[PDB]
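Enquirer: Handing you this structure, nothing more for now.
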Amino acid sequence: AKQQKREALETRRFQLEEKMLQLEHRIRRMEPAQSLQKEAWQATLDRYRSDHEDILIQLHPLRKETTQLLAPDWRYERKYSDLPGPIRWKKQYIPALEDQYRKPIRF
Amino acid sequence: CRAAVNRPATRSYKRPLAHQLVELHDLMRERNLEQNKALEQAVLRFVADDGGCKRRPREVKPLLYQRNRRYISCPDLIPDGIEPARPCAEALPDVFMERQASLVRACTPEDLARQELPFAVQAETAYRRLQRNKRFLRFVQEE
Amino acid sequence: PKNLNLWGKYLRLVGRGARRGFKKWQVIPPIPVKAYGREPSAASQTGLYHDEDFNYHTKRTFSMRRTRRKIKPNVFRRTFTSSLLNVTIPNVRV
Amino acid sequence: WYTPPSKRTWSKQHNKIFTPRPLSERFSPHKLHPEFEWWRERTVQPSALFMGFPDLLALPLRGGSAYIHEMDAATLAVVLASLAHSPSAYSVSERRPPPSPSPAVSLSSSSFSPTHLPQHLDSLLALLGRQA
Amino acid sequence: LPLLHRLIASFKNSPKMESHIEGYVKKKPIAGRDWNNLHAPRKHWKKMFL
Amino acid sequence: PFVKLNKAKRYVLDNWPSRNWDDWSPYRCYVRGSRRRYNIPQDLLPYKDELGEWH
Amino acid sequence: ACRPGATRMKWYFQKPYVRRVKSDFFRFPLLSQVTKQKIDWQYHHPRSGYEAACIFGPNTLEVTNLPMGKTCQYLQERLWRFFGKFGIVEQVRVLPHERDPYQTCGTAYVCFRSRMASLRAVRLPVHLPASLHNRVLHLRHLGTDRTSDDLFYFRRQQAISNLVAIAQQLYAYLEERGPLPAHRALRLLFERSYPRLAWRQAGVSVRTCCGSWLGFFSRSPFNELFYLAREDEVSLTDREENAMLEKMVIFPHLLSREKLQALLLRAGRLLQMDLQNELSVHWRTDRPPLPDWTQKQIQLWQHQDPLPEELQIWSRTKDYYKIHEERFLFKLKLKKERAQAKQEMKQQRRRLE
Amino acid sequence: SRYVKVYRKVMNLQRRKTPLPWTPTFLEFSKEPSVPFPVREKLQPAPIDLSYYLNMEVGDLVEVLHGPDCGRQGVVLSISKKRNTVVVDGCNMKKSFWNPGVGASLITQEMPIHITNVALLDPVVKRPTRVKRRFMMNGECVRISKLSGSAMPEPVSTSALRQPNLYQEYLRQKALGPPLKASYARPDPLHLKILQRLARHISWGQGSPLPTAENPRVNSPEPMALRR
RNA sequence: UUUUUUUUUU
RNA sequence: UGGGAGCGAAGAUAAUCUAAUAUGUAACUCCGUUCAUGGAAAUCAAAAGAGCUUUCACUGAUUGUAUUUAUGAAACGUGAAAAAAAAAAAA
RNA sequence: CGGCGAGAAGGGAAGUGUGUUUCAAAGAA
RNA sequence: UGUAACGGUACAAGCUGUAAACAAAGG
RNA sequence: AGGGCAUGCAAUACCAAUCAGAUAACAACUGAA
RNA sequence: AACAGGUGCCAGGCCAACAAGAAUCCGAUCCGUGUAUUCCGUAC
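Chains as they are written, first to last, in the UniProt record's numbering: chain A, 129 to 235; chain B, 459 to 601; chain C, 2 to 95; chain D, 100 to 231; chain E, 904 to 953; chain F, 108 to 162; chain G, 251 to 484, 537 to 655; chain H, 2 to 229.
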């Protein structure tokens with residue numbers, strides 16, 4: 129249910145970021161000079177700033193919720209529990225860990 | 459016209475036209491030649507395929523059937539009270555033992571002249587016969 | 002014929018059989034690898050041997066004898082200073 | 100050798116030391132390939148990595164676990180510094196990005212926060228501190 | 904046209920049956936059924952008099 | 108005019124649009140059963156590239 | 251069979267992207283206006299279209315619409331050659347293909363040594379021969395946001411046509427009304443727009459192609475159709543041109559239908575030639591000469607030299623051919639001898655001159 | 002080598018779909034029997050419907066793993082169980098042909114791809130994963146992914162995925178024959194009706210003469226008399 | 001001259 | 001898989017022996033087979049003319065290489081099957 | 001009662017006598 | 001994918017996977 | 001396919017110079033497949 | 001080839017959910033699809 133709203137929100141944010149980056153580059157290109165155009169661009173960037181911040185405020189809740197099962201849960205593991213409806217996960221490869229010398233100890 | 463009507467309707471092929479066929483039919487009718495075998499055969503073939511406009515994939519009639527084939531149920535269409543004719547009272551006599559004298563007779567100049575006929579007359583005769591021999595059974599209400 | 006830059010001038014416009022049955026010991030001198038279509042070697046892939054690689058050759062005496070032997074290329078060790086990399090590259094096989 | 104080369108088949112590469120070219124490689128999509136072992140399952144490796152550890156800046160968007168408790172002092176100091184010295188979201192890696200350059204090239208002072216706001220990392224911050 | 908003929912032609916679109924391909928010829932043997940085939944399993948012998 | 112057309116010939120004369128004499132023009136013709144029409148008095152001549160070199 | 255090299259290249263057709271469902275952003279992602287690709291928020295960052303500027307510099311170009319099946323290095327040399335006309339080219343960069351490093355994506359960057367030199371290359375587009383798929387290149391200035399004229403050719407064509415039609419109409423008018431004033435006759439001429447055919451006053455095509463009314467008449471094919479006469483027969539701005547035109551009379555030339563047609567036809571070919579020549583300038587104009595070594599080097603970048611016959615000799619099959627045949631060697635010796643005799647004839651002309 | 006020819010010849014038989022059609026003629030015999038049949042093994046594992054087991058439905062989102070399309074996402078259009086194949090839009094286009102209709106001169110069509118060469122993407126993760134069915138207390142069936150453990154979306158409507166098959170149309174047109182002549186193509190119902198009328202008189206006329214202006218009459222058909 | 005292709009009406 | 005690429009000896013024939021055939025055959029490594037291989041002329045022919053590539057038949061066991069033993073689907077040419085120059089400046 | 005838009009790279013190959021023929025090393029299913 | 005080990009079944013060239021021969025009834 | 005389904009076959013390759021192993025700081029250091 | 005299976009052994013008319021004879025004579029024990037004669041169904 130939540131995925132669908134997340135999608136759209138994301139898309140919108142994506143678009144707004146590209147427009148804001150284009151406006152910032154245009155403003156930077158004409159630093160040593162003053163004109164009406166520069167003011168216009170500043171105004172539009174100002175607008176888009178809020179227009180974008182609102183999106184992130186709205187988005188925050190969804191991202192957390194969505195990314196629920198992505199991470200492991202000991203509670204749901206066959207090791208720490210025996211209740212019906214188990215959950216399994218695949219081991220990752222962390223160079224930071226793999227490059228280190230560690231003994232097969234458990235305590 | 460009979461030879462050409464059977465050819466394809468492609469670019470690289472000579473084929474007559476419908477109005478040309480009617481003009482030729484009238485021209486032949488005028489000279490007491492309307493009853494032409496080749497003309498009738500070409501006319502039938504021309505309308506057999508809408509003058510070559512209609513096209514269908516190559517179709518071959520089946521000469522054999524597989525074992526345990528499909529079954530289709532259908533009632534008899536022949537009007538009631540009709541049955542095939544029965545043979546004679548038991549059997550015919552032997553061919554070599556009994557039928558040795560009746561199978562042979564003296565020849566005549568008429569027989570010689572009939573034997574000395576050409577193939578086209580025979581073919582025409584056959585065609586006419588088959589044409590004439592086309593009949594169907596009638597119904598009570600049809601009469 | 003076509004592709005004159007490449008070896009096999011007298012082999013293109015011939016019978017299939019000739020091509021299939023062509024022997025390798027009929028050629029005395031070596032042939033360039035680029036022209037011959039030979040695959041690159043592992044030692045070449047690890048260095049800069051622009052037109053150089055392992056080749057083969059055959060011998061012949063007055064007694065109509067023939068053999069085949071392997072020959073290695075000529076490689077040198079040097080040092081190159083790359084301005085873009087901003088680091089020296091010692092021991093470059095060239 | 101039997102057949103001569105041409106204008107299209109005169110350049111070759113080593114069997115092992117070569118450049119992948121799926122676009123210019125023989126393949127049979129309409130055929131079963133046992134070599135690839137379609138039955139065998141494979142894990143999901145992280146997309147973003149920093150100092151050998153998962154990138155903390157990509158967590159808010161992409162999610163995933165963080166091995167914060169496995170970090171050493173050395174790693175943790177730099178990690179901390181990273182998150183303190185005006186972090187940017189574009190510093191993370193990309194999966195098959197467009198051929199054109201990325202925004203990371205410039206990395207100038209922007210007037211907005213890309214992807215997420217700075218307020219979305221206190222959870223991680225706490226852990227970092229604890230680890231410290 | 905004949906009424907009977909019309910009736911008959913009415914059923915032209917009915918489903919057909921199976922048939923063989925053009926020029927279908929059944930393969931038949933010439934040689935006898937008796938021949939040593941000692942490269943066969945136990946239960947697959949055909950020798951009677953040879 | 109007296110040519111005994113075979114299968115091969117017939118195929119060409121029936122398939123390839125270049126043999127269509129009903130729409131023949133000396134200034135615009137195909138090359139070999141092609142779909143696109145070429146300019147005979149133009150296409151037969153060379154031309155120079157952006158660099159000014161012959162092509 | 252073995253691993254292919256850079257010689258072997260394959261490319262398939264691309265199916266156009268159509269969004270069947272507008273409310274399904276999952277299965278039908280929205281396209282991007284910058285990268286021309288599907289919006290991947292999950293793994294791709296937003297672009298701005300000015301990243302190359304911070305890399306190279308302000309004085310840069312954005313060339314797009316490149317062919318396929320060509321090496322990046324070859325494209326770089328071609329581009330350098332092309333661009334060298336204007337000024338000194340700094341560096342040329344090409345983005346390889348995503349799935350094919352040996353292939354070009356379709357975009358490239360060009361850097362110039364100067365601002366004005368760069369500015370001059372933005373005016374007109376780049377046209378490629380058949381060899382290159384006839385791919386028209388699109389340029390853009392990152393420092394100015396200036397684009398090229400992609401429709402130049404197509405607009406010129408219509409101008410040509412309009413010229414033809416104006417000539418015809420003038421002729422007709424002359425025929426129907428005898429000689430007419432120069433300043434008065436011109437008012438009965440019209441042209442049509444390139445985008446959509448709309449009746450307009452003549453003169454845009456004249457100014458485009460010919461450049462002047464006077465020139466129109468002074469042209470090669472045009473002069474055989476009409477005749478101007480000075481007032482006594484019976537470096538100029540618009541006002542002066544008009545004033546001169548005010549006191550002249552046009553006289554037609556008696557011609558047949560076939561001749562007229564022929565002339566009309568000829569005019570078009572001439573005009574077309576003009577257009578072609580404009581776009582097909584050389585790459586070695588106002589430049590010093592080059593050594594033969596350099597020339598050879600240049601050649602090498604496109605074409606390879608033939609293999610020595612010494613080596614080729616060995617290729618002979620022993621089954622049907624003799625390896626070392628005295629007659630075969632003698633034939634080649636005679637050919638080599640004849641080559642010098644052929645060369646002497648060409649060399650004698652320089653001494654004679 | 003002097004065995005390539007024969008080798009190839011022999012090999013061809015394998016691919017050959019013997020027996021082949023053969024029309025009869027006058028004093029001519031078939032040769033199909035003389036053609037050896039291909040060699041095949043019987044004892045082998047039984048086939049399986051991978052489509053059914055993988056929980057893969059038409060209209061689902063898939064991504065290409067190998068081939069030219071190293072990374073490319075699409076929508077499943079068609080599934081063939083017997084061949085164990087799928088058709089994915091905008092992928093694997095190699096079959097080209099002449100335009101049978103309005104448009105350019107050449108048109109291409111997508112080709113089927115092995116089911117094994119594709120996988121189902123994760124909803125949220127957007128990575129290849131597995132999907133399992135689960136039944137509720139009420140009998141409601143729900144498709145749940147492995148990675149994210151989330152519910153799968155519904156398939157796309159068939160009305161949106163319906164497209165015309167021009168390859169089939171081209172094959173149908175080719176099956177008939179070359180294009181018709183302009184001259185022949187022109188209709189002529191006025192004379193066609195006269196020819197059709199004469200056809201019935203010729204066929205069902207029983208040799209009777211045609212009508213005339215002076216004698217506008219024709220003999221009636223004769224029935225089939227029974228054998229008394 | 002000693003021949004020959006059946007549908008009319010999805 | 002007698003398909004393609006690298007390397008690649010001997011028993012045997014020549015009534016021992018060299019070349020030569022076996023054979024570029026066997027073993028080893030790699031590509032994994034019509035969605036393949038190949039390819040749209042600086043070719044062939046000689047005063048005529050054919051017109052990318054690929055399969056079959058005949059020419060023909062002719063020409064050629066060898067000789068003490070063999071090997072050789074040669075080139076031009078004819079018949080037949082299948083027929084394919086390029087979708088294309090952008091939106 | 002048919003009359004000079006009369007041209008299309010200057011390079012490859014073929015007899016070694018070439019006023020002759022052909023071609024363009026450089027494009028996609 | 002194809003196979004080997006242990007356990008159960010009637011210790012077996014079968015079946016089966018500690019839930020080791022079945023859920024068939026969601027108001 | 002409602003539900004369940006220990007263990008072994010040495011597995012970051014749904015990707016990426018080569019050379020041991022949970023796949024090796026440069027160099028030493030080499031290559032017909 | 002009515003080899004399509006079974007029924008005690010060789011079955012178009014018997015079991016097999018849709019057509020068609022418990023058919024007559026002969027038979028060592030001994031059923032008996034078997035010999036002789038004859039009827040019927042069939043777009044099987």
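Ideal Cβ placement from N, Cα and C applies to all residues, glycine included.
Closer than 7 Å, Cβ to Cβ, to anything on chain G: give me those residues from the segment 109-124 of chain F, in chain order.
Expert: Hits within the stretch: zero.
Enquirer: Do you know offhand how far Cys136 (chain F)'s Cα is from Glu124 (chain D)'s?
Expert: To locate residue 136 (chain F), count along the sixth sequence from 1; it is residue 29. To locate residue 124 (chain D), count along the fourth sequence from 1; it is residue 25. Roughly 39 Å between the two C-alpha positions.
Enquirer: Can you pull the DSSP bridge partners for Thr214 (chain D)?
Expert: Reading the fourth sequence from its first residue, position 115 is the one you call residue 214 (chain D). Paired residues: none, contrary to the question.
Enquirer: Return the residues of the segment 108-142 of chain H that lie within a Cβ-Cβ distance of less than 7 Å from chain D, sorted by chain order.
Expert: Listed by position along the chain: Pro113, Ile114, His115, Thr117, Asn118, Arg128.
Enquirer: Do the segment 344-358 of chain G and the segment 426-433 of chain G meet, that is, are 3 or more Cβ pairs less than 8 Å apart?
Expert: Contact fails: fewer than three Cβ-Cβ distances are below 8 Å.
Enquirer: Please report the distance separating the alpha-carbon of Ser210 (chain D) from that of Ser282 (chain G).
Expert: By 1-based counting over the fourth sequence, the position of residue 210 (chain D) is 111. By 1-based counting over the seventh sequence, the position of residue 282 (chain G) is 32. Rounded to whole angstroms, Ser210 (chain D) to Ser282 (chain G) spans 23 Å at the Cα level.
Enquirer: Beta carbons nearer than 8 Å to chain D: which residues of the segment 214-232 of chain A have them?
Expert: Cβ contacts with chain D: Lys218, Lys219, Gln220, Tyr221, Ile222, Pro223, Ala224, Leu225, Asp227.
Enquirer: With H, G and I counted as helix, E and B as strand and the rest as coil, what does DSSP make of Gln493 (chain B)?
Expert: Numbered from its first residue, the second sequence carries residue 493 (chain B) at position 35. Coil.
Enquirer: Keeping to the same chain, check which residues put their C-beta closer than 7 Å to that of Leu14 (chain H); ignore five residues upstream and five downstream.
Expert: Sequence index remark: in the eighth sequence, residue 14 (chain H) carries index 13 (1-based). Closer than 7 Å at the Cβ level, and outside the excluded window around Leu14 (chain H), lie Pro37, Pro39.
Enquirer: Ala256 (chain G) and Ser192 (chain D) - do their beta-carbons sit closer together than 8 Å?
Expert: For the purposes of this step, residue 192 (chain D) is taken as the residue at position 93 of the fourth sequence. For the purposes of this step, residue 256 (chain G) is taken as the residue at position 6 of the seventh sequence. No, the pair does not count as a contact, with Cβ atoms beyond the cut-off.
Enquirer: Three or more C-beta pairs closer than 8 Å, one from the segment 370-386 of chain G and one from the segment 407-422 of chain G: is that the case here?
Expert: The segment 370-386 of chain G vs the segment 407-422 of chain G: no contact.
Enquirer: At what residues does the beta strand (DSSP E) containing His58 (chain C) begin and finish?
Expert: Looking up residue 58 (chain C) in the third sequence gives position 57. Residues 56-61.
Enquirer: Return no unless some Cβ of chain D is closer than 8 Å to the Cβ of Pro48 (chain H).
Expert: Translated into positions along the eighth sequence, residue 48 (chain H) becomes position 47. Not one chain D Cβ lies under 8 Å of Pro48 (chain H).
Enquirer: With a cut-off of 8 Å, do at least 3 Cβ pairs link the segment 393-403 of chain G to the segment 370-380 of chain G?
Expert: The segment 393-403 of chain G vs the segment 370-380 of chain G: in contact.
Enquirer: Quick one: list the residues of chain G neighbouring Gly9 (chain C), beta-carbon separation under 7 Å, in chain order.
Expert: By 1-based counting over the third sequence, the position of residue 9 (chain C) is 8. Simply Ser617.
Enquirer: What does DSSP give as the partner residues of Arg78 (chain C) in its beta bridges?
Expert: Taking the third sequence and counting its residues from 1, the one referred to as residue 78 (chain C) is at position 77. Bridge partners of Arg78 (chain C): C:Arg94.
Enquirer: Are any of the Cβ atoms in chain H nearer than 8 Å to that of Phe630 (chain G)?
Expert: Translated into the one-based positions of the seventh sequence, residue 630 (chain G) becomes position 328. Chain H, which has no Cβ nearer than 8 Å to the Cβ of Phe630 (chain G), makes this no.
Enquirer: So within the segment 49-137 of chain H, which uninterrupted alpha helix (DSSP H) runs reach at least 4 residues, ignoring any that extend past its ends?
Expert: 51-55, all fully within the segment 49-137 of chain H.
Enquirer: Any chance you could list the beta strand (DSSP E) runs of at least 3 consecutive residues sitting entirely within the segment 411-469 of chain G, in chain order?
Expert: 440-442, 449-451, all fully within the segment 411-469 of chain G.
Enquirer: So, for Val93 (chain C): in the same chain, excluding its five sequence neighbours on each side, which residues have a beta-carbon less than 8 Å away from its beta-carbon?
Expert: Taking the first residue of the third sequence as position 1, residue 93 (chain C) is located at position 92. Closer than 8 Å at the Cβ level, and outside the excluded window around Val93 (chain C), lie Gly48, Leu49, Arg78, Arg79, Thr80, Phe81.
Enquirer: Is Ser470 (chain B) close to chain F? Criterion is C-beta to C-beta, closer than 8 Å.
Expert: Numbered from its first residue, the second sequence carries residue 470 (chain B) at position 12. Yes, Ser470 (chain B) lies at the interface with chain F (some Cβ there is under 8 Å from its Cβ).
Enquirer: Looking only at its own chain, which residues have a Cβ that is under 6 Å from the Cβ of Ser106 (chain H), when we skip the five neighbours before and after it?
Expert: Counting from 1 along the eighth sequence, the entry for residue 106 (chain H) is found at position 105. Counting only Cβ-Cβ distances below 6 Å, and skipping sequence neighbours, we find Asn100.
Enquirer: So what's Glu340 (chain G) in DSSP terms, helix, strand or just coil?
Expert: As a working mapping, residue 340 (chain G) is identified with position 90 in the seventh sequence. Strand at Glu340 (chain G).
Enquirer: Check the Cβ of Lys930 (chain E) against every Cβ in chain H and list those closer than 7 Å, keeping chain order.
Expert: To locate residue 930 (chain E), count along the fifth sequence from 1; it is residue 27. Near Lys930 (chain E) (Cβ distances below 7 Å), the residues of chain H are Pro34.
Enquirer: Run through the DSSP bridge pairs and tell me what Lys155 (chain F) is partnered with.
Expert: Counting from 1 along the sixth sequence, the entry for residue 155 (chain F) is found at position 48. Beta-bridge pairing links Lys155 (chain F) to F:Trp161.
Enquirer: By a C-beta neighbour count over all protein chains shown, 10 Å radius and 16 as the cutoff for buried, is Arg161 (chain D) buried or exposed?
Expert: Counted from its first residue, the fourth sequence places residue 161 (chain D) at position 62. Under this definition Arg161 (chain D) is a buried residue.
Enquirer: Measure how close the beta-carbons of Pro608 (chain G) and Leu5 (chain C) come, nearest whole angstrom, since I'm counting them as under 8 Å.
Expert: Position 306 of the seventh sequence, counted from the first residue, corresponds to residue 608 (chain G). Position 4 of the third sequence, counted from the first residue, corresponds to residue 5 (chain C). The Cβ separation is near 5 Å, so the contact holds.
Enquirer: DSSP puts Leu387 (chain G) in a beta bridge; with which residues?
Expert: Here residue 387 (chain G) refers to the residue found at position 137 when the seventh sequence is read from its first residue. Per DSSP, G:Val376.
Enquirer: For the candidate residues A:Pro189, A:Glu181, A:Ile215, A:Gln165, whose alpha-carbon lies nearest to that of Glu205 (chain A)?
Expert: Working through the first sequence from its first residue, we reach residue 205 (chain A) at position 77. Nearest of A:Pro189, A:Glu181, A:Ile215, A:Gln165 to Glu205 (chain A), Cα basis: A:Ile215.
Enquirer: Can you tell me whether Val88 (chain C) is helix, strand or coil according to DSSP?
Expert: Counting from 1 along the third sequence, the entry for residue 88 (chain C) is found at position 87. Three-state DSSP puts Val88 (chain C) in a strand.
Enquirer: In three-state terms, what does DSSP make of residue 55 (chain F)?
Expert: Chain F is shown from 108 up to 162; residue 55 (chain F) falls before or after that span and cannot be answered.
Enquirer: Let me know the secondary structure DSSP gives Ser141 (chain F) once reduced to three states.
Expert: Walking along the sixth sequence from the start, residue 141 (chain F) turns up at place 34. Here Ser141 (chain F) sits in coil by DSSP.
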